[PDB]
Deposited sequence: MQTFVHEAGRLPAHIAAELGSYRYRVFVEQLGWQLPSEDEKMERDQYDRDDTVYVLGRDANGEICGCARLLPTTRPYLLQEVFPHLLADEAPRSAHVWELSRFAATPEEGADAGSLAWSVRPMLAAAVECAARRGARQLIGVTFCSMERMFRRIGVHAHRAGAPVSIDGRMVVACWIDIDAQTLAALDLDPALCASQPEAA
């Protein structure tokens, strides 16, 4: 796949609709996070703002096959406000930490999506990423080789095993993702 990072403020209308539809299909239809909706397929919450950073992966036909959301911890974020109890410690508010959420890929698919997210966050000054991740996804991160470690004990939410996860943007993570080591 090919990755596209959107960090220019409010998403253009067509991208917002296309991403919203892809998210609806993954998080609502696939994972069943909400009941079926009516009208346009759209999945968005209070964390989708003009300042939100997005990563979209597109296949050979230019269709979305992956997504990711990046938020600075110095501003409101999901783990902080919604799932703070998943953390061993209090939720961080630092320029060096960004939250990765709504991460999905439609194996060697996850890698490019993660690389784009890390690269972007690093260029914005982040030294670590944090976020609630399915343990199955946590295992892929481990296999990919990034330096991921737990920020809390695992818990099964509505039948889905997840855990607050850290990803250190260090030499190991950068190398595993084929990114510029200088980003360290």
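Gaps in the coordinates relative to the deposited sequence fall at 107-116, 195-201.
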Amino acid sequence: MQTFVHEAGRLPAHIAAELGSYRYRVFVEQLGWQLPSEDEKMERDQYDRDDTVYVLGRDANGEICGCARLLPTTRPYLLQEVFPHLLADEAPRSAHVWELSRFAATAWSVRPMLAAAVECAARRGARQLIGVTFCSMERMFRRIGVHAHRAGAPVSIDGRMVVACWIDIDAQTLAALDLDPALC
From here on, numbers count along this sequence of modelled residues.
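Once the C-alpha B-factors are averaged per stretch, 68-76 and 85-93 rank with 85-93 first. Looking at 25-33 and 143-151 together, the entry lists the larger mean B-factor for 25-33, computed on C-alpha atoms.
Remark: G62 belongs to the highest third of its chain, ranked by C-alpha B-factor as recorded. Ranked by Cα temperature factor within the chain, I157 sits in the highest third according to the deposited record.
Split the chain's modelled residues into thirds by C-alpha temperature factor. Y54 is in the lowest one. Ranked by C-alpha B-factor against the other modelled residues of its chain, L183 falls in the highest third. In the PDB entry, a CA B factor belonging to the middle third of its chain's modelled residues is recorded for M137.
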